[PDB]
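Dumped model.cif below, it's mmCIF, C-alpha atoms and all ligand atoms:
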data_target
loop_
_atom_site.label_atom_id
_atom_site.label_comp_id
_atom_site.auth_asym_id
_atom_site.auth_seq_id
_atom_site.Cartn_x
_atom_site.Cartn_y
_atom_site.Cartn_z
CA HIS A 1 9.86 11.62 14.16
CA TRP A 2 9.45 8.10 12.88
CA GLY A 3 11.07 6.80 9.73
CA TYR A 4 12.95 3.84 8.28
CA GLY A 5 16.47 4.37 9.62
CA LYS A 6 18.30 2.49 12.34
CA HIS A 7 17.46 5.22 14.86
CA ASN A 8 13.76 5.76 14.04
CA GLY A 9 12.63 2.69 12.10
CA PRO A 10 10.19 -0.17 12.71
CA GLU A 11 11.96 -1.42 15.88
CA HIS A 12 11.43 1.98 17.52
CA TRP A 13 7.85 2.73 16.50
CA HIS A 14 6.23 1.05 19.52
CA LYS A 15 7.61 3.72 21.88
CA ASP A 16 5.38 6.42 20.37
CA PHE A 17 2.76 4.07 18.88
CA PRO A 18 2.28 1.18 21.34
CA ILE A 19 -0.31 -0.45 19.04
CA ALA A 20 2.76 -1.51 17.04
CA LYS A 21 2.60 -4.59 19.32
CA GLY A 22 -1.17 -4.97 18.86
CA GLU A 23 -3.30 -7.94 17.95
CA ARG A 24 -3.86 -7.21 14.24
CA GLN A 25 -0.70 -5.58 12.89
CA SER A 26 0.40 -5.54 9.25
CA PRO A 27 2.11 -6.62 7.11
CA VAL A 28 2.25 -10.39 7.55
CA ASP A 29 3.76 -13.37 5.80
CA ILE A 30 1.16 -15.14 3.69
CA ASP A 31 1.72 -18.88 4.10
CA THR A 32 0.10 -20.08 0.89
CA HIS A 33 -0.39 -23.67 2.02
CA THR A 34 -2.35 -22.74 5.15
CA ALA A 35 -4.46 -19.92 3.75
CA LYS A 36 -7.81 -21.60 3.26
CA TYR A 37 -9.92 -21.20 0.13
CA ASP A 38 -13.20 -19.57 1.17
CA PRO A 39 -15.89 -20.23 -1.48
CA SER A 40 -18.11 -17.60 0.16
CA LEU A 41 -15.66 -14.82 -0.80
CA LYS A 42 -16.98 -12.77 -3.68
CA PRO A 43 -15.06 -11.51 -6.70
CA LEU A 44 -13.44 -8.16 -6.11
CA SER A 45 -15.23 -5.26 -7.78
CA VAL A 46 -12.72 -2.56 -8.75
CA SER A 47 -14.53 0.41 -10.34
CA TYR A 48 -11.87 2.96 -11.28
CA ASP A 49 -13.20 4.24 -14.63
CA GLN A 50 -14.28 7.57 -13.06
CA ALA A 51 -11.16 8.07 -10.92
CA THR A 52 -9.97 11.67 -10.59
CA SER A 53 -6.32 11.86 -9.63
CA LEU A 54 -5.20 15.26 -8.40
CA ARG A 55 -1.63 15.44 -7.18
CA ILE A 56 1.51 13.52 -6.31
CA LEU A 57 3.29 14.27 -3.02
CA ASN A 58 6.64 13.23 -1.53
CA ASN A 59 5.68 13.01 2.15
CA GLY A 60 9.15 12.01 3.38
CA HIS A 61 8.20 8.31 3.67
CA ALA A 62 6.96 7.48 0.15
CA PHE A 63 5.13 9.30 -2.61
CA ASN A 64 1.33 9.43 -2.63
CA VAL A 65 -0.88 9.86 -5.68
CA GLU A 66 -4.00 11.50 -4.30
CA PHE A 67 -7.56 11.30 -5.63
CA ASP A 68 -10.68 13.43 -5.41
CA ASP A 69 -12.67 11.37 -2.88
CA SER A 70 -15.48 13.93 -2.42
CA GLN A 71 -17.86 11.63 -4.32
CA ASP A 72 -18.35 7.99 -5.24
CA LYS A 73 -15.99 7.77 -8.21
CA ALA A 74 -13.21 5.20 -7.83
CA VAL A 75 -14.55 2.51 -5.50
CA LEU A 76 -13.74 -0.96 -4.26
CA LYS A 77 -16.61 -3.32 -3.42
CA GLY A 78 -17.24 -7.03 -3.15
CA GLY A 79 -14.49 -9.41 -2.25
CA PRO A 80 -14.51 -9.75 1.53
CA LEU A 81 -16.09 -6.32 2.01
CA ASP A 82 -19.49 -5.09 3.09
CA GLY A 83 -20.40 -1.82 1.45
CA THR A 84 -18.43 0.64 -0.60
CA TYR A 85 -14.88 1.89 -0.13
CA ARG A 86 -13.61 5.04 -1.89
CA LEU A 87 -10.10 5.39 -3.25
CA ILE A 88 -8.21 8.23 -1.55
CA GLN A 89 -4.55 7.60 -2.49
CA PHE A 90 -2.02 5.06 -3.63
CA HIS A 91 1.66 4.71 -2.80
CA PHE A 92 4.44 2.13 -2.90
CA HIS A 93 7.03 0.56 -0.63
CA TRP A 94 10.30 -0.58 -2.18
CA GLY A 95 13.82 -1.76 -1.50
CA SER A 96 17.41 -0.72 -2.08
CA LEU A 97 17.87 -3.97 -4.07
CA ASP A 98 15.47 -6.03 -6.19
CA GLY A 99 15.43 -8.85 -3.61
CA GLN A 100 13.54 -6.84 -0.98
CA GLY A 101 10.99 -4.07 -0.76
CA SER A 102 7.57 -5.61 -0.27
CA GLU A 103 5.79 -5.46 3.08
CA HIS A 104 3.73 -8.60 2.73
CA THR A 105 5.67 -11.73 1.87
CA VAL A 106 4.46 -14.95 0.23
CA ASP A 107 5.94 -18.09 1.77
CA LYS A 108 8.70 -15.75 3.03
CA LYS A 109 9.40 -14.41 -0.49
CA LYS A 110 10.02 -10.67 -0.65
CA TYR A 111 9.07 -8.85 -3.84
CA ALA A 112 10.92 -5.78 -5.15
CA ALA A 113 8.07 -3.46 -4.18
CA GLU A 114 4.43 -3.33 -3.15
CA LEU A 115 1.64 -1.00 -4.30
CA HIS A 116 -1.06 0.02 -1.81
CA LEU A 117 -4.36 1.45 -3.08
CA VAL A 118 -6.00 2.94 0.01
CA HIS A 119 -9.79 3.13 0.34
CA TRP A 120 -12.15 4.23 3.12
CA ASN A 121 -15.60 2.93 4.02
CA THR A 122 -18.20 5.45 2.89
CA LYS A 123 -20.54 4.66 5.77
CA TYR A 124 -18.19 6.71 8.00
CA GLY A 125 -18.40 9.86 5.90
CA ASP A 126 -14.73 10.92 5.85
CA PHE A 127 -11.33 9.23 5.94
CA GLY A 128 -10.68 10.78 9.36
CA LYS A 129 -13.76 9.14 10.85
CA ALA A 130 -13.08 5.87 9.01
CA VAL A 131 -9.70 5.51 10.76
CA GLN A 132 -11.55 5.43 14.08
CA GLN A 133 -13.27 2.18 13.06
CA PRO A 134 -12.13 -1.46 12.83
CA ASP A 135 -13.68 -1.74 9.32
CA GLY A 136 -12.81 1.78 8.23
CA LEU A 137 -10.28 1.01 5.49
CA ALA A 138 -9.60 -1.45 2.70
CA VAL A 139 -6.13 -1.56 1.18
CA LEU A 140 -5.57 -3.37 -2.10
CA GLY A 141 -1.97 -4.60 -2.16
CA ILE A 142 -0.18 -5.54 -5.36
CA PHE A 143 3.32 -6.99 -5.56
CA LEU A 144 5.91 -5.71 -8.04
CA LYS A 145 8.60 -7.92 -9.55
CA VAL A 146 11.36 -6.71 -11.85
CA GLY A 147 11.05 -7.83 -15.47
CA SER A 148 9.27 -6.12 -18.34
CA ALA A 149 8.18 -2.52 -17.91
CA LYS A 150 4.67 -1.66 -16.73
CA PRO A 151 3.41 0.88 -19.30
CA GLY A 152 0.76 2.26 -16.93
CA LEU A 153 3.45 3.10 -14.37
CA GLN A 154 5.62 5.24 -16.63
CA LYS A 155 3.68 8.50 -16.06
CA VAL A 156 4.39 8.08 -12.34
CA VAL A 157 8.09 7.36 -12.95
CA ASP A 158 8.50 10.41 -15.16
CA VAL A 159 7.12 12.89 -12.60
CA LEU A 160 9.38 11.75 -9.76
CA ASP A 161 12.20 14.15 -10.76
CA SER A 162 9.86 17.00 -9.79
CA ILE A 163 9.10 15.71 -6.27
CA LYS A 164 12.59 14.61 -5.25
CA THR A 165 12.45 15.83 -1.64
CA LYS A 166 10.06 15.74 1.31
CA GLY A 167 7.23 18.24 1.02
CA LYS A 168 7.34 18.63 -2.76
CA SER A 169 4.19 18.01 -4.78
CA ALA A 170 3.15 18.25 -8.41
CA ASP A 171 -0.15 18.45 -10.22
CA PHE A 172 -0.99 14.91 -11.29
CA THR A 173 -4.36 14.84 -13.00
CA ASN A 174 -5.84 12.31 -15.42
CA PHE A 175 -3.86 9.32 -14.16
CA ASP A 176 -5.70 6.02 -14.64
CA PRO A 177 -4.93 3.55 -11.82
CA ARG A 178 -6.41 0.71 -13.90
CA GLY A 179 -3.00 0.64 -15.60
CA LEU A 180 -1.39 -0.65 -12.37
CA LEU A 181 -3.45 -3.81 -11.98
CA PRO A 182 -2.47 -7.35 -12.99
CA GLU A 183 -4.75 -9.52 -15.14
CA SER A 184 -6.18 -11.63 -12.31
CA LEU A 185 -8.05 -10.32 -9.28
CA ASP A 186 -7.41 -13.51 -7.26
CA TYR A 187 -6.58 -12.46 -3.71
CA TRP A 188 -5.82 -13.25 -0.11
CA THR A 189 -7.53 -11.31 2.67
CA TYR A 190 -7.08 -10.80 6.40
CA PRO A 191 -7.78 -8.12 9.05
CA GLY A 192 -4.84 -5.84 9.80
CA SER A 193 -3.49 -2.37 10.23
CA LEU A 194 -1.78 0.56 8.63
CA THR A 195 1.85 -0.40 8.04
CA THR A 196 3.18 3.04 9.04
CA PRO A 197 2.56 5.07 12.18
CA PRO A 198 -0.03 5.57 13.55
CA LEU A 199 -0.40 1.80 12.81
CA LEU A 200 -4.17 1.94 13.33
CA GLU A 201 -6.08 -1.34 13.23
CA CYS A 202 -8.72 -0.38 10.65
CA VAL A 203 -7.76 -2.30 7.53
CA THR A 204 -9.28 -5.14 5.59
CA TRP A 205 -6.24 -6.20 3.58
CA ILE A 206 -6.80 -7.56 0.07
CA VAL A 207 -3.51 -8.76 -1.41
CA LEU A 208 -3.53 -9.85 -5.05
CA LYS A 209 -1.81 -13.13 -5.86
CA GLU A 210 -0.49 -12.05 -9.26
CA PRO A 211 2.39 -9.54 -9.18
CA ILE A 212 2.78 -6.86 -11.80
CA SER A 213 6.07 -6.64 -13.65
CA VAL A 214 8.00 -3.37 -13.74
CA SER A 215 11.35 -2.76 -15.36
CA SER A 216 14.63 -2.36 -13.55
CA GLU A 217 14.73 1.25 -14.82
CA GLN A 218 11.31 2.02 -13.35
CA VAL A 219 12.14 0.83 -9.84
CA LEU A 220 15.59 2.44 -10.02
CA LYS A 221 13.88 5.82 -10.45
CA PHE A 222 11.87 5.19 -7.25
CA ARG A 223 15.23 4.76 -5.50
CA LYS A 224 16.43 8.22 -6.61
CA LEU A 225 13.81 9.94 -4.45
CA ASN A 226 14.90 11.44 -1.12
CA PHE A 227 13.54 11.03 2.41
CA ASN A 228 14.99 14.44 3.34
CA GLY A 229 13.78 17.91 2.51
CA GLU A 230 15.47 20.26 0.08
CA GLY A 231 18.71 21.70 1.43
CA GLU A 232 19.18 18.83 3.90
CA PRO A 233 21.71 15.97 3.64
CA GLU A 234 20.64 13.55 0.93
CA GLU A 235 19.13 10.28 2.18
CA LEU A 236 17.90 8.05 -0.64
CA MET A 237 14.30 6.91 -0.25
CA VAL A 238 14.86 3.15 -0.21
CA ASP A 239 13.82 0.33 2.12
CA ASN A 240 10.65 2.12 3.22
CA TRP A 241 8.96 -1.16 4.22
CA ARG A 242 7.91 -2.62 7.55
CA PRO A 243 8.81 -6.30 8.03
CA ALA A 244 6.21 -9.00 8.57
CA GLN A 245 4.50 -8.93 11.97
CA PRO A 246 3.13 -11.78 14.10
CA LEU A 247 -0.06 -13.27 12.71
CA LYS A 248 -1.47 -13.90 16.20
CA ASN A 249 -5.17 -14.86 16.32
CA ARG A 250 -5.90 -14.32 12.64
CA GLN A 251 -6.56 -16.40 9.56
CA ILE A 252 -5.76 -15.54 5.96
CA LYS A 253 -8.42 -16.53 3.44
CA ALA A 254 -7.92 -17.21 -0.26
CA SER A 255 -10.47 -16.23 -2.91
CA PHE A 256 -9.24 -18.95 -5.27
CA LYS A 257 -8.82 -22.72 -5.19
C1 LIG B 1 -4.72 8.74 10.15
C2 LIG B 1 -3.44 8.38 9.43
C3 LIG B 1 -3.38 8.94 8.03
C4 LIG B 1 -1.99 8.90 7.43
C5 LIG B 1 -1.49 7.50 7.25
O1 LIG B 1 -2.33 6.83 6.29
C6 LIG B 1 -1.93 5.60 5.84
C7 LIG B 1 -0.79 5.00 6.34
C8 LIG B 1 -0.40 3.75 5.87
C9 LIG B 1 -1.16 3.12 4.90
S1 LIG B 1 -0.69 1.51 4.33
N1 LIG B 1 0.89 1.52 4.11
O2 LIG B 1 -1.01 0.59 5.39
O3 LIG B 1 -1.33 1.32 3.07
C10 LIG B 1 -2.29 3.73 4.38
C11 LIG B 1 -2.68 4.97 4.86
NA NA B 2 -5.46 -20.72 7.81
NA NA B 3 -17.00 17.08 -4.77
ZN ZN B 4 1.55 1.25 2.29
#
Could you quickly redo this structure as structure tokens?
Amino acid sequence: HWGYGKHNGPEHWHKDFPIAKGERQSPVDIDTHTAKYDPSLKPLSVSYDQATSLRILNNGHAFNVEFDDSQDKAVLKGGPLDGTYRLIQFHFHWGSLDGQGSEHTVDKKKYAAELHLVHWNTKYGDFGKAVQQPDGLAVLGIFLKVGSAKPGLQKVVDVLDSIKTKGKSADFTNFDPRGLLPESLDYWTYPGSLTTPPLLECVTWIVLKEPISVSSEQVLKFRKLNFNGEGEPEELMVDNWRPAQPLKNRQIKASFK
């Protein structure tokens, strides 16, 4: 099965997922000087006040915080999007060291980690149908740098001990994802893909310019998770990021001048 090791990592994925070499793969490097300000881009509308988190799961690749997406509660609208996208889960990618971990890069800069808030287009009815469409998903990406602690992240950090290994989950209700945002909703946007297998080309990427700060202690706890299941040899869950992919025939557009 695919993973992030030398034997099964990003260089191998194309053998079982040939779209890995497709025309709109993610992540990409964001070249800030050539991303063009688009004054027709609308402000992002993030409506998370009614979000219903349910559970946190170590899936062997990251941890996912899952939401009740059986109704229009937490939704993303506006920005580059047409119509309404429902939040289904968030997760992170991070490094073994503070100098790497993000998937997107900014003028080749790697951040310590990257948060992905995953949403699906309600006009397709379910996430499974949305991932059969080129406009099925919208992922809001937020960079993490190491500095002061992020108070809204600490509830996540403090549950990780209970989901150390692949396949473990824990009840995780009443978590407010508004506590993970930065102040500004300035963003870059481009058409891309899932960054893990199956690498499907369904995503409108919306990457916020402003990183959130997290403390060294917070990200260190991410790095104590395990890729392996219980009873198996311990493999620290670190460096679960895909490198930047060729931009090909795409443009990145900035919401801000
Ligand atoms: C039909 C596949 C469902 C399982 C995979 O779902 C994903 C995978 C990657 C991302 S990401 N890193 O691009 O945000 C978001 C959702
Ligand atoms: Na451009
Ligand atoms: Na419901
Ligand atoms: Zn992701």
Exercise. Contacts of residue 99 (chain A) at 7 Å or less, counting all atoms listed in the file, minus same-chain residues fewer than 6 places along, as a PyMOL selection string?
Worked result: chain A and resi 110-112
Seminar exercise, completed: Of A:207, A:44, A:170, A:185, the one sitting nearest residue 142 (chain A) when using only C-alpha atoms is A:207
Exercise. Quick one: residues within 12 Å of residue 141 (chain A), all atoms listed in the file counted, chain neighbours fewer than 4 positions away excluded, as a ChimeraX atom specification?
Worked result: /A:26-27,90-93,102-105,111,113-119,180-182,185-190,194-195,203-212
Problem set entry | Neighbour list for region 52-63 of chain A as a PyMOL selection string, cut-off 10 Å, all atoms listed in the file, skip fewer than 3 positions in-chain | chain A and resi 2-4+48-49+66-69+73-74+87-94+156+159-160+162-177+196+222+225-229+237-241
For this session: Throw together the list of residues within 12 Å of ligand NA 2 (chain B), counting only C-alpha atoms and all ligand atoms, and drop it here as a PyMOL selection string.
Result: chain A and resi 29-38+188-190+247-254
Problem set entry | atom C6 of ligand LIG 1 (chain B) to CA of residue 145 (chain A), straight-line distance in Å | 23.0 Å
Problem set entry | Shortest interatomic distance to ligand ZN 4 (chain B) - which of A:179, A:191, A:128, A:101, counting all atoms listed in the file | A:101
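Distances to ligand LIG 1 (chain B) were evaluated for A:158, A:126, A:98, A:183 using all atoms listed in the file, and the minimum falls at A:126.
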Problem set entry | Length of the CA of residue 40 (chain A) to CA of residue 77 (chain A) vector [Å] |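 Result for CA of residue 40 (chain A) versus CA of residue 77 (chain A): 14.8 Å, one decimal.
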Exercise. So what do you get for CA of residue 244 (chain A) versus CA of residue 96 (chain A), distance-wise?
Worked result: 17.5 Å
Exercise. Which one of A:41, A:138, A:75, A:214 sits closest to ligand ZN 4 (chain B) if you count all atoms listed in the file?
Worked result: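 So, comparing all the options, the nearest one is A:138.
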For this session: Might you pull out every residue within 10 Å of residue 217 (chain A), with only C-alpha atoms counted and same-chain residues fewer than 6 positions away left off, and present them as JSON, numbers by chain?
Result: {"A": [146, 147, 148, 149, 157, 223]}
Prev. selection, C-alpha atoms, output as a PDB file, keeping the file's coordinate frame:
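Contents of selection.pdb, freshly written:
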ATOM      1  CA  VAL A 146      11.360  -6.710 -11.850  1.00  0.00           C
ATOM      2  CA  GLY A 147      11.050  -7.830 -15.470  1.00  0.00           C
ATOM      3  CA  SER A 148       9.270  -6.120 -18.340  1.00  0.00           C
ATOM      4  CA  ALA A 149       8.180  -2.520 -17.910  1.00  0.00           C
ATOM      5  CA  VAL A 157       8.090   7.360 -12.950  1.00  0.00           C
ATOM      6  CA  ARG A 223      15.230   4.760  -5.500  1.00  0.00           C
TER       7      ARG A 223
END
Problem set entry | Proximity to ligand ZN 4 (chain B) - best of A:47, A:143, A:218, A:235, only C-alpha atoms and all ligand atoms | A:143
Problem set entry | Polymer residues at most 8 Å from residue 83 (chain A), only C-alpha atoms, same-chain spacing of 4 or more positions, as a PyMOL selection string | chain A and resi 77-78+121-123
For this session: Give the answer as one residue: which of A:8, A:50, A:70, A:25 has the shortest atom-to-atom distance to ligand NA 3 (chain B), using all atoms listed in the file?
Result: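 Closest residue, counting all atoms listed in the file: A:70.
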Centre, edges in Å (one decimal): axis-aligned box, region 135-153 of chain A, 8 Å padding on all six sides, as lines of an AutoDock Vina configuration file:
center_x = -1.2
center_y = -2.4
center_z = -5.0
size_x = 41.0
size_y = 27.0
size_z = 44.6
Region 147-174 of chain A rebuilt with N, CA and C atoms, output as a PDB file, in the frame of the given file:
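Listed below is the output, result30.pdb:
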ATOM      1  N   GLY A 147      10.989  -7.122 -14.210  1.00  0.00           N
ATOM      2  CA  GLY A 147      11.050  -7.830 -15.470  1.00  0.00           C
ATOM      3  C   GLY A 147      10.754  -6.847 -16.579  1.00  0.00           C
ATOM      4  N   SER A 148       9.681  -7.082 -17.329  1.00  0.00           N
ATOM      5  CA  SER A 148       9.270  -6.120 -18.340  1.00  0.00           C
ATOM      6  C   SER A 148       8.656  -4.887 -17.691  1.00  0.00           C
ATOM      7  N   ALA A 149       8.728  -3.770 -18.408  1.00  0.00           N
ATOM      8  CA  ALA A 149       8.180  -2.520 -17.910  1.00  0.00           C
ATOM      9  C   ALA A 149       6.654  -2.597 -17.817  1.00  0.00           C
ATOM     10  N   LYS A 150       6.104  -1.820 -16.881  1.00  0.00           N
ATOM     11  CA  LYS A 150       4.670  -1.660 -16.730  1.00  0.00           C
ATOM     12  C   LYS A 150       4.302  -0.355 -17.422  1.00  0.00           C
ATOM     13  N   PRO A 151       3.650  -0.382 -18.587  1.00  0.00           N
ATOM     14  CA  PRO A 151       3.410   0.880 -19.300  1.00  0.00           C
ATOM     15  C   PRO A 151       2.599   1.882 -18.484  1.00  0.00           C
ATOM     16  N   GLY A 152       1.605   1.403 -17.731  1.00  0.00           N
ATOM     17  CA  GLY A 152       0.760   2.260 -16.930  1.00  0.00           C
ATOM     18  C   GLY A 152       1.445   2.889 -15.733  1.00  0.00           C
ATOM     19  N   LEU A 153       2.673   2.478 -15.428  1.00  0.00           N
ATOM     20  CA  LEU A 153       3.450   3.100 -14.370  1.00  0.00           C
ATOM     21  C   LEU A 153       4.332   4.238 -14.866  1.00  0.00           C
ATOM     22  N   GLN A 154       4.575   4.334 -16.173  1.00  0.00           N
ATOM     23  CA  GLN A 154       5.620   5.240 -16.630  1.00  0.00           C
ATOM     24  C   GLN A 154       5.300   6.704 -16.328  1.00  0.00           C
ATOM     25  N   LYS A 155       4.026   7.104 -16.365  1.00  0.00           N
ATOM     26  CA  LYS A 155       3.680   8.500 -16.060  1.00  0.00           C
ATOM     27  C   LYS A 155       4.083   8.844 -14.621  1.00  0.00           C
ATOM     28  N   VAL A 156       3.932   7.881 -13.712  1.00  0.00           N
ATOM     29  CA  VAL A 156       4.390   8.080 -12.340  1.00  0.00           C
ATOM     30  C   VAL A 156       5.908   8.248 -12.305  1.00  0.00           C
ATOM     31  N   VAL A 157       6.632   7.315 -12.929  1.00  0.00           N
ATOM     32  CA  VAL A 157       8.090   7.360 -12.950  1.00  0.00           C
ATOM     33  C   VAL A 157       8.586   8.704 -13.470  1.00  0.00           C
ATOM     34  N   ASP A 158       7.949   9.230 -14.507  1.00  0.00           N
ATOM     35  CA  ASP A 158       8.500  10.410 -15.160  1.00  0.00           C
ATOM     36  C   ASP A 158       8.191  11.716 -14.442  1.00  0.00           C
ATOM     37  N   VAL A 159       7.350  11.701 -13.408  1.00  0.00           N
ATOM     38  CA  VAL A 159       7.120  12.890 -12.600  1.00  0.00           C
ATOM     39  C   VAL A 159       8.004  12.926 -11.359  1.00  0.00           C
ATOM     40  N   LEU A 160       8.691  11.826 -11.041  1.00  0.00           N
ATOM     41  CA  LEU A 160       9.380  11.750  -9.760  1.00  0.00           C
ATOM     42  C   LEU A 160      10.515  12.765  -9.649  1.00  0.00           C
ATOM     43  N   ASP A 161      11.147  13.131 -10.773  1.00  0.00           N
ATOM     44  CA  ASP A 161      12.200  14.150 -10.760  1.00  0.00           C
ATOM     45  C   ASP A 161      11.719  15.458 -10.151  1.00  0.00           C
ATOM     46  N   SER A 162      10.421  15.743 -10.253  1.00  0.00           N
ATOM     47  CA  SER A 162       9.860  17.000  -9.790  1.00  0.00           C
ATOM     48  C   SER A 162       9.428  16.984  -8.335  1.00  0.00           C
ATOM     49  N   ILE A 163       9.467  15.823  -7.678  1.00  0.00           N
ATOM     50  CA  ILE A 163       9.100  15.710  -6.270  1.00  0.00           C
ATOM     51  C   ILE A 163      10.212  14.987  -5.508  1.00  0.00           C
ATOM     52  N   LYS A 164      11.463  15.388  -5.756  1.00  0.00           N
ATOM     53  CA  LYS A 164      12.590  14.610  -5.250  1.00  0.00           C
ATOM     54  C   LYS A 164      12.618  14.566  -3.725  1.00  0.00           C
ATOM     55  N   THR A 165      12.251  15.669  -3.067  1.00  0.00           N
ATOM     56  CA  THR A 165      12.450  15.830  -1.640  1.00  0.00           C
ATOM     57  C   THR A 165      11.128  15.985  -0.890  1.00  0.00           C
ATOM     58  N   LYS A 166      11.210  15.707   0.412  1.00  0.00           N
ATOM     59  CA  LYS A 166      10.060  15.740   1.310  1.00  0.00           C
ATOM     60  C   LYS A 166       9.360  17.092   1.243  1.00  0.00           C
ATOM     61  N   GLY A 167       8.042  17.050   1.064  1.00  0.00           N
ATOM     62  CA  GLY A 167       7.230  18.240   1.020  1.00  0.00           C
ATOM     63  C   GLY A 167       6.959  18.771  -0.370  1.00  0.00           C
ATOM     64  N   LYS A 168       7.617  18.234  -1.390  1.00  0.00           N
ATOM     65  CA  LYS A 168       7.340  18.630  -2.760  1.00  0.00           C
ATOM     66  C   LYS A 168       6.126  17.890  -3.296  1.00  0.00           C
ATOM     67  N   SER A 169       5.329  18.594  -4.094  1.00  0.00           N
ATOM     68  CA  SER A 169       4.190  18.010  -4.780  1.00  0.00           C
ATOM     69  C   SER A 169       4.122  18.539  -6.200  1.00  0.00           C
ATOM     70  N   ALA A 170       3.341  17.848  -7.022  1.00  0.00           N
ATOM     71  CA  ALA A 170       3.150  18.250  -8.410  1.00  0.00           C
ATOM     72  C   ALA A 170       1.739  17.875  -8.824  1.00  0.00           C
ATOM     73  N   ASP A 171       1.144  18.744  -9.641  1.00  0.00           N
ATOM     74  CA  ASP A 171      -0.150  18.450 -10.220  1.00  0.00           C
ATOM     75  C   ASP A 171      -0.058  17.122 -10.950  1.00  0.00           C
ATOM     76  N   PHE A 172      -1.045  16.255 -10.731  1.00  0.00           N
ATOM     77  CA  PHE A 172      -0.990  14.910 -11.290  1.00  0.00           C
ATOM     78  C   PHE A 172      -2.420  14.466 -11.568  1.00  0.00           C
ATOM     79  N   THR A 173      -3.010  15.095 -12.567  1.00  0.00           N
ATOM     80  CA  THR A 173      -4.360  14.840 -13.000  1.00  0.00           C
ATOM     81  C   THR A 173      -4.389  13.822 -14.137  1.00  0.00           C
ATOM     82  N   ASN A 174      -5.559  13.208 -14.304  1.00  0.00           N
ATOM     83  CA  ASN A 174      -5.840  12.310 -15.420  1.00  0.00           C
ATOM     84  C   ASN A 174      -4.956  11.066 -15.425  1.00  0.00           C
TER      85      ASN A 174
END
